[PDB]
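K.L.:
Turn this into a structure:
(one chain, ligands or ions: 1)
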Amino acid sequence: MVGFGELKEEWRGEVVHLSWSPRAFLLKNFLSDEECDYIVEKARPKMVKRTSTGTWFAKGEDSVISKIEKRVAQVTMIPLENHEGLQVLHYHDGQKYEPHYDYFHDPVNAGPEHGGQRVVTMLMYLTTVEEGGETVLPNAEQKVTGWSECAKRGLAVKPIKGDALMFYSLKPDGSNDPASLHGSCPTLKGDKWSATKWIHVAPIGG
Ligand SMILES: [Cl-]
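P.N.:
Numbering: from 1, shown residues only. The relevant structure is shown in the block below.
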């Protein structure tokens, strides 16, 4: 798992530019329904108990997920050596994640072995959630209003199965973008499964 993998059959779906601050895109149908289900089924027997339950897949652990990992590498244009594995979270019944940052809220804390600061987060929605559950970004320039109360606190994205949210947590010059602060709104009914892909500015392992 270095570089970008084979060029077949690169993803060519709709890309919606959501926001300048932070820099965020929604990728429509980034994953197939099959892929979403595959991940949930593989994750489930491994889950342990923000309050929700989570598990990890090592980068490249699994050939189905590896294909997605290569997809991510190619759409972001950032080589796989800069990527962590796949973290899968499951939420239900009020469960959530208070708005937070992905970067060290002091940048001297991310060293060469971690690959420096996290630059891109790609949030992959593995289920469509039913009520609430929006990803919220409170510090965003523009807020939604047309949507749980929680969501009206920033820019929000609805978790629709197969969509992915992609956003930058560093500014172009490499400084922290406090606009990338983000949380998961209470999920109100019934199941939020998401997978997170974090990508670093430099390669991990050094
Ligand atoms: Cl989220």
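
K.L.:
Look up the closest residue to the residue nearest the centre of the chain, ignoring the ones flanking it.
P.N.:
Note on the chain: the residue nearest the mean C-alpha position is residue 123, at 1.9 Å, using CA atoms, centre = their mean. Using CB to CB, 6 or more residues apart in numbering and skipping residues adjacent in sequence, the residue nearest residue 123 is residue 165, 4.2 Å away. Quick note: C-beta positions are derived from backbone N, CA and C, even for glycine.

K.L.:
Report the backbone C-alpha coordinates of the strand or helix carrying the one you found in PDB.
P.N.:
Assigned by DSSP states H and E, residue 165 belongs to strand 164-168. Provided in PDB are the C-alpha atoms of strand 164-168 (Å, rounded to 0.1, in the frame of the first residue of the first chain):
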ATOM      1  CA  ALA A 164     -18.500  10.700   1.300                       C
ATOM      2  CA  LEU A 165     -17.600  14.000   3.000                       C
ATOM      3  CA  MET A 166     -14.100  15.200   2.300                       C
ATOM      4  CA  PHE A 167     -12.600  18.200   4.100                       C
ATOM      5  CA  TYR A 168      -9.200  19.800   4.700                       C
END
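
K.L.:
Would you mind listing what in the chain touches the ion?
P.N.:
Taking CB under 5 Å from the ion as the contact definition, the chain meets the ion at 135, 184.

K.L.:
tell me the strands in the chain, going along the chain?
P.N.:
15-19, 24-27, 53-57, 86-91, 97-100, 118-125, 131-132, 135-137, 155-157, 164-168, 182-184, 187-189, 192-200 (DSSP state E).
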